[PDB]
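Chemist: Here's my sequence, what's the structure:
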Amino acid sequence: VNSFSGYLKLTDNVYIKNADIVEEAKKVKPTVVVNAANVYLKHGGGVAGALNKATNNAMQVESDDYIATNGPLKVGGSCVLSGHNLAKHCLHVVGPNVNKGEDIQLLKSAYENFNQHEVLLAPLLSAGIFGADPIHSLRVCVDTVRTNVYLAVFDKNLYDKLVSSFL
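Modeler: Residues are numbered from 1 along each chain as shown. Please find the structure below.
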């Protein structure tokens with residue numbers, strides 16, 4: 001049993017809810033929250049900007065030190081950093097950004113990072129300002145992630161379309 005509430009069950013391991021991931025993280029304090037990161041861990045907008053704002057910029061300060069030591073992530077890659085006030089850990093995952101021309105086949109590689117964690121609160125990778133089709137992102141998630149994933153979808157209209165169209 002876990003703390004996640006109000007989710008629709010899509011599969012054995014994937015759950016979905018219309019929710020603000022920031023407000024959901026603050027309520028649950030999950031072991032892992034996933035950030036929709038870029039390779040520079042520059043948390044300007046979208047999910048990343050909202051998560052970072054909720055940490056009072058402490059996520060960005062920690063991230064800048066990580067990049068100064070390690071250099072940029074790979075598209076499809078990830079790193080584990082602090083979850084600050086939101087979670088124990090934040091898994092920063094880089095999905096391909098269609099608005100930069102990145103290979104959508106890298107979306108499966110991105111979701112494979114989730115399999116290193118037994119339970120996660122996450123957004124749909126490469127959705128929103130990363131430009132991919134969220135219906136596609138949900139299909140790749142279901143077909144790639146084997147651990148227990150609780151998906152937060154900010155937009156009510158999109159949530160209802162994801163559920164209605166789910167095979």
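Chemist: Packing partners of the longest helix seen in the chain?
Modeler: Counting by DSSP state H, the longest helix found in the chain is helix 58-70. If you count contacts as 3 or more Cβ pairs under 8 Å, 6 or more residues apart in numbering; DSSP states H and E, helix 58-70 packs onto helix 46-54, strand 78-82. Every residue, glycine included, has its C-beta placed from N, CA and C.
Chemist: What is the distance between it and the centre of its chain?
Modeler: 18 Å (Cα atoms, centre = their mean, to the nearest Å).
Chemist: again, but for stretch 138-153
Modeler: So, by Cα atoms, centre = their mean, the centroid of stretch 138-153 is 10 Å from its chain's centroid.
Chemist: Show me which positions of that stretch end up buried.
Modeler: Neighbour-count burial for stretch 138-153, counted by 16 or more other Cβ atoms under 10 Å, picks out 138-142, 144-145, 148-153.
Chemist: Tell me which of those residues fall in strands.
Modeler: 148-153 (DSSP state E).
Chemist: All the helices of the chain, residue numbers only.
Modeler: In the chain, the helices defined using DSSP H lie at 21-28, 46-54, 58-70, 106-112, 134-144, 156-164.
Chemist: so which of those comes closest to residue 37?
Modeler: Relative to residue 37, the nearest member of the helices of the chain by Cβ to Cβ is helix 46-54, separated by 5.8 Å.
Chemist: buried ones in the closest one?
Modeler: By neighbour count with 16+ other Cβ under 10 Å, helix 46-54 contains the buried residues 46-48, 50-52, 54.
Chemist: Then stretch 110-130?
Modeler: 110-114, 117, 119-128, 130.
Chemist: Endpoints of stretch 38-47, how far apart?
Modeler: 11 Å (Cα to Cα, to the nearest Å).
Chemist: I figured residue 45 hits residue 97, correct?
Modeler: No: with contact defined as Cβ atoms under 8 Å, residue 45 does not reach residue 97; the gap is 11.6 Å.
Chemist: So the residue nearest to residue 125 when sequence neighbours are not counted versus residue 34, what's the distance?
Modeler: Leaving aside its sequence neighbours, residue 125 sits nearest to residue 95 (Cβ to Cβ, 6 or more residues apart in numbering; 3.6 Å). For residue 95, the distance to residue 34 equals 10 Å [Cβ to Cβ, to the nearest Å].
Chemist: so what sits against both of those two?
Modeler: residue 125 (Cβ atoms under 8 Å, 6 or more residues apart in numbering).
Chemist: Same drill for the two, tell me which one is more crowded.
Modeler: Taking other Cβ atoms under 10 Å, residue 95 and residue 34 do not tie; residue 34 has more neighbours (32 against 28).
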